[PDB]
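**Student:** Quick one: structure below, then a few questions.
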Amino acid sequence: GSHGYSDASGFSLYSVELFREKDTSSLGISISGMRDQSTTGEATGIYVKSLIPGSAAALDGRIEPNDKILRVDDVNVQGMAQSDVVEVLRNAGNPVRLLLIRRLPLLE
Numbered sequence: 001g002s003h004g005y006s007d008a009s010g011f012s013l014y015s016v017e018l019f020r021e022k023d024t025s026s027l028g029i030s031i032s033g034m035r036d037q038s039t040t041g042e043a044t045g046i047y048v049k050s051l052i053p054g055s056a057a058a059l060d061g062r063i064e065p066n067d068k069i070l071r072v073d074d075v076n077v078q079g080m081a082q083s084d085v086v087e088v089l090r091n092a093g094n095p096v097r098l099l100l101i102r103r104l105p106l107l108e
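Everything in the sequence shown is counted per the entry's author numbering, starting at 1 for the first residue and increasing by one.
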């Protein structure tokens with residue numbers, strides 16, 4: 001893999017290590033779809049906006065709000081329905097890896 005994007009216009013690839021070993025039937029990832037009514041390059045996409053306190057993702061710490069999910073452990077969500085992505089997380093039941101992109105700020 002050559003994909004890095006280390007500090008570029010405020011875009012960098014971030015990956016966290018989570019594990020599904022709780023009967024919570026969830027990792028604490030709350031995604032939501034966007035409502036686009038005009039074309040401008042970007043459209044729709046799965047991204048996290050909220051979290052479930054007490055879950056793996058939440059208790060992890062590295063999992064912060066405002067993030068765009070890209071690919072799950074050996075899985076890709078760049079073309080699956082919201083509900084579909086949820087089923088995957090439930091099918092995990094094992095230590096899964098998260099691949100999401102996060103925008104960095106530029107002060108001065």
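Cβ coordinates follow ideal geometry from the N, Cα and C atoms, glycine included.
Whose C-beta lies closer than 8 angstroms to the C-beta of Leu-104 among residues of the same chain, with five residues either side of it excluded?
**Tutor:** By one-based count along the sequence shown, residue 104 stands at place 104. Cβ within range, chain order: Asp-7, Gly-10, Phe-11, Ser-12.
**Student:** Express the C-alpha separation of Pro-53 and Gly-28 in angstroms, rounding to a whole number.
**Tutor:** As a first step, residue 28 is located in the sequence shown; it is residue number 28 there, counting from the start. As a first step, residue 53 is located in the sequence shown; it is residue number 53 there, counting from the start. Rounded to the nearest angstrom, the two C-alpha atoms are 7 angstroms apart.
**Student:** Roughly how many whole angstroms lie between the Cα atoms of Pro-95 and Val-75?
**Tutor:** Locating residue 95 in the sequence shown gives position 95, counting from the first residue. Locating residue 75 in the sequence shown gives position 75, counting from the first residue. The straight-line gap from Cα to Cα measures roughly 13 angstroms.
**Student:** Only counting the same chain, and skipping five residues up and downstream in sequence, which positions put a Cβ closer than 7 angstroms to that of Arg-62?
**Tutor:** Translated into positions along the sequence shown, residue 62 becomes position 62. Excluding sequence neighbours, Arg-62 sits near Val-16.
**Student:** Rounded to the nearest angstrom, what separates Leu-99 and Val-88 at their Cα positions?
**Tutor:** Counted from its first residue, the sequence shown places residue 99 at position 99. Counted from its first residue, the sequence shown places residue 88 at position 88. One C-alpha to the other measures close to 14 angstroms.
**Student:** On the criterion of 16 or more Cβ atoms from any shown chain inside 10 Å, does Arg-20 qualify as buried, or is it exposed?
**Tutor:** Here residue 20 corresponds to residue number 20 of the sequence shown, with the count starting at 1. Under this definition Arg-20 is a buried residue.
**Student:** Can you list, in chain order, the residues of its chain whose CB lies under 8 angstroms from that of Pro-65, leaving out five sequence neighbours each side?
**Tutor:** Taking the sequence shown and counting its residues from 1, the one referred to as residue 65 is at position 65. Cβ neighbours of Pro-65 beyond the five flanking positions: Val-48, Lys-49, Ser-50, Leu-51.
**Student:** List the endpoints of the continuous beta strand (DSSP E) containing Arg-90.
**Tutor:** Numbered from 1 along the sequence shown, position 90 holds the residue referred to as residue 90. That residue, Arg-90, is in no beta strand (DSSP E); its alpha helix (DSSP H) goes 82-92.
**Student:** So, with DSSP's three-state summary, where would you put residue 154?
**Tutor:** Any question about residue 154 goes unanswered here, given that the chain covers just 1 to 108.
**Student:** Please confirm whether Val-85 and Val-77 have their CB atoms less than 8 angstroms apart.
**Tutor:** Residue numbering aside, residue 85 sits at position 85 when the sequence shown is read from its first letter. Residue numbering aside, residue 77 sits at position 77 when the sequence shown is read from its first letter. Yes, they are a contact pair.
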